[PDB]
Each structure stands twice: as structure tokens, then as C-alpha cells.
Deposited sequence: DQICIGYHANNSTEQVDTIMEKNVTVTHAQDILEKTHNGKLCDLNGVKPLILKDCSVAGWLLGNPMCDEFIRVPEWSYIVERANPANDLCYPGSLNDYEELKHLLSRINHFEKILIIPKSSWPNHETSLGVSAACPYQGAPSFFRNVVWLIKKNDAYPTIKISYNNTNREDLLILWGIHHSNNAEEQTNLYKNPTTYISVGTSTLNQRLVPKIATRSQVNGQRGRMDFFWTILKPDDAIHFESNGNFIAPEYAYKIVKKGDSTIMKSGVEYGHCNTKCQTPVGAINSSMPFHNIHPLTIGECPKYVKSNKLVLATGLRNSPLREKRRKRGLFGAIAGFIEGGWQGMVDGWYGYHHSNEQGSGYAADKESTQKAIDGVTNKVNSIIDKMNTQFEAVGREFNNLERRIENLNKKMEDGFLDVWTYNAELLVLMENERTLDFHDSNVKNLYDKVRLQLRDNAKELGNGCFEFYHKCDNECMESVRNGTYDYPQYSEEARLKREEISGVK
């Protein structure tokens, strides 16, 4: 007749690795790595992205004829540009500080196109003949919609002096430009004056733009260039333009309210009509998990990116070395338990108030690991041009350096803490074995099989008494002494 102390077992094929042991098969386990994404672009904390479809920020702002998605997205959380946007700056040219404009325009609380300078304001200039084939609507010469290309009237280009005073109590992104002619004849056939200039003036702005007339290669059919510039006119300031020619003048402008920053996501996944806290270029994540293996370029309150394919914590115990050779599959109601063998019956009876302390403790470990990184911050990817490659490497080295920090720390944490969990189970069961012993030492033989050879025949009642620690060895003393000497 004997009683034994044991640990739970099940059908789990789940494996965890530890610092000193690999491919340990455990009963229960929880992966702290989120590997799933919805596959759709979604809203970020309630606000909808500005999905410029085959358009660029420059083409959308200046008003490329081919771009016809609604300018009326009043607020956005991030801009979604396709990589290599199809339609951008139809007339060959540039936009100064495109990348800084895009950054400002990444998250905008209020975007309202207003007309600041009417086409009626150019009485001595022609507003209808500033078109090019390169910028084409329905197979006809057209131009940028929100900017005007002014040419001569009656072989004359009288000097322009104009001003717009922002009266709107809201900042204004005003876009203007210069046309670079290809020859002196082209200069005198669109403008009339040979030497030209553009002056732009605000409180912060002093500009002098002179055309560069020289032979250039042809892009989109034209050997001339249009270089655009921008400023943010403050609530009560005036912008002053002066030109004797070569002026792509502002007609429309944009009201800007700037509160918060984001990035331009480059992706092709469709808007899924959803909301998320974390947005990847390939999908969106809904998770409290601490780490993720999806995409480096994430926007929102996102998990930390690591290179791991799996990060399996151990929420349970081993499946079938120590004094207790194996696990009892038949035990169902507890992790730690007793086995009573006597004449009345032999069965498995688990010990709660030991399993319960274990399940709460291991659960708190998992939750402490998951929640103590509530350091989740708003973060984004970035964009740098082809003459900022050195700054790009700083970004790559920072992003890669943080990756290697988390990947090493996370895996070691999993390996270190999983070992402690498995030994915490081995320590917990010995405390049950030691509690049963030290209460019946003389009456049973410590076989070391995890079992005690009960010299005294114990009924089902003293089994529960041993479980409750209420075994009186005087009550059962001599029946064991007869088997003893």
C-alpha cells in the first residue's frame, strides 16, 4: 500500500526552449509574438488615411489634371502613396523641400483649399494660354489646376506686383513656381522680356528667382523646367510677388491646421473600412502582445519589431527529470496532485491551493511580460532623398540596432524565464511531497519513486486526512510497527 505525489500531463505537442534545455514539451504555452495582420489599410485611432491613388503629394497639391480623387479629405492620420507614383509633376520640374512638405502634410487636422488670387486679378496678362501637352486632360493641352501659368498679352508682360494678406486665422500653404525656358525665342514668345525675375516676400521669406535658360534633356516631352516653391503664411501676414515674366503664380492655396506628425506609408493594400492602433504597409495589427514580426515600417501605438519567428513562453509544466519520474495523464483537475492506492481503490486526486497559486503566478508572469512594455509610443518610418543617403544610414542603423536589442533581450527573457517556470513547478511539487512527509515519516517508507510505502493500511478517509495534513500517527502507529521490526 502506497501513496504518490505527481504532476499533470496532457496531449500537448507544444515545445518551449530554455537557457539550458531545448525542445522541452510543455502542457501549456503562450506565444508573445503577434504574427497576424488583417491585410487591409485601416484608420488610425479614428482618422482616415489620405490614400493618394497613383498620385504624389506634389501632383495632388499642384493639381495635376490626371489626379481626380477628392481633394476634400478634411483630416487624415497618414498619407498612403504608392511606390513610384504614376502621376507627379507632369511638366518636368521640381518642388523645393518636397520631403519636408510631405512630412508636414503627413498628419493634418484641417485641410481646406481656398482661392487666394482670382484669375480676374490678371487684367493685363493671359490666364488661358498657359497650357502644355505634357499636362493633359481628355487628350488636350492642360496645366496644373491650383496654380496659374501667366503669359504675355499684346506682346507685353507688365511687371506684376500683388499681395495676399492671410485673413483666415489659419495658416496657409501657398505654392508658386518659375518656368525655365529653353531658348531666347521661347522666352520672348511666351513672356516678352529677355531678363526676368521673380521676387517673393513675407515676414520670414526673401526670395529672388531668375530663370535658367539652357539646353536640357526632354522629360515628358518638354526640354524646359518648372521649379515650384512653397511657404506657410502665418495667420496675419502678407505674401508679396513681383515678376517681369516666367511666373507660375498661385491661384488656389490650402488652409492648414498642424497638430501631430506621421509618415507617408508606401503600400498598395486597399482601404478595408476598419480602425486600428497600429498600421503596417502590409496590414494592420490588433494586439496587446509585446513583440511582432510583420513589417519594420509601422505607424501607431505598435508592438516592438523583432526577427524571431516564434517567442513561446511556458505557461504550464513538462509533458511525458526528477524524483517524480513521469507525469500522470489521468489527473484532470490540477497541475499538482496525489495518487491514493489502497484496498478500497486507487485513483488520482489533484491538490488545489497549490495548483491555484501556480496558475495565478505563471499567469502574472506572462501578464507582467506583456504589460510592462506599455511604453508603446507613436512612431513611424521615414523618407529621405537621394542626396540624404548618409542621414538614411543613421535611420537604418538606429532601426537595426533597436531590432537587435529587442530580439536578443526578448529571446533570452523567454529562455531565462521559461527555465524558472519549469523549476518553479519542480519546487512546488517537492513542497507538497515534503508536506506529506514529515507527517508520516515512521509509518511509510520513502521509496524515492515519488511514493511512500504505507506500512499501516490507510483507508480512503486517512488519504483525505493526509491531503489535509491531519494524519495522527499515534492513531495508526502499531499496525505499521508490525510490518516494521
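If you line the structure up with the deposited chain, the stretches without a C-alpha atom are 321-335, 501-506.
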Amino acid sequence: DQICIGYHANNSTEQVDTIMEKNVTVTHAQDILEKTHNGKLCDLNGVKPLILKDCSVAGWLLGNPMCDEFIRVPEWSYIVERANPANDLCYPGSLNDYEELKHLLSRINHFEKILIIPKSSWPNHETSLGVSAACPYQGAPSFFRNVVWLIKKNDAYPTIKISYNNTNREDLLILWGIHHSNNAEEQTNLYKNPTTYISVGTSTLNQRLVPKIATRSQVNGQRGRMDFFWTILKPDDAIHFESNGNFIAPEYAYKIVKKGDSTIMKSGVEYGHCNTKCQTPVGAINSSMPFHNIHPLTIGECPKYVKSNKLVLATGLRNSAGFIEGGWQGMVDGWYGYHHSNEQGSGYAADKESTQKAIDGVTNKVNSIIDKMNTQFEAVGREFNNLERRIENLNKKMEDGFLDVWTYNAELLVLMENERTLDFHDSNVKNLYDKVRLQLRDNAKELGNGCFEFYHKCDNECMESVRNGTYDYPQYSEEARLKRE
From here on, numbers count along this sequence of modelled residues.
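When the two stretches 94-102 and 330-338 are set side by side, the higher mean Cα temperature factor goes to 330-338.
Higher mean CA B-factor, judged across 168-176 and 120-128 from the recorded values: 120-128. Across the residues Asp31, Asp68, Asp43, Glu417, the deposited record lists the maximum Cα B factor for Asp68. As recorded in the entry, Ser354 carries the highest CA temperature factor of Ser354, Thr280, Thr196, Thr375. Remark: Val306 belongs to the lowest third of its chain, ranked by C-alpha B-factor as recorded. Among all modelled residues in this chain, the alpha-carbon of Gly245 has a temperature factor (C-alpha) in the lowest third. In the deposited entry, the Cα temperature factor of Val47 places it in the middle third of its chain's modelled residues. Remark: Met226 belongs to the lowest third of its chain, ranked by C-alpha B-factor as recorded. Among the modelled residues of its chain, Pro296 has a C-alpha B-factor that falls in the lowest third according to the deposited record.
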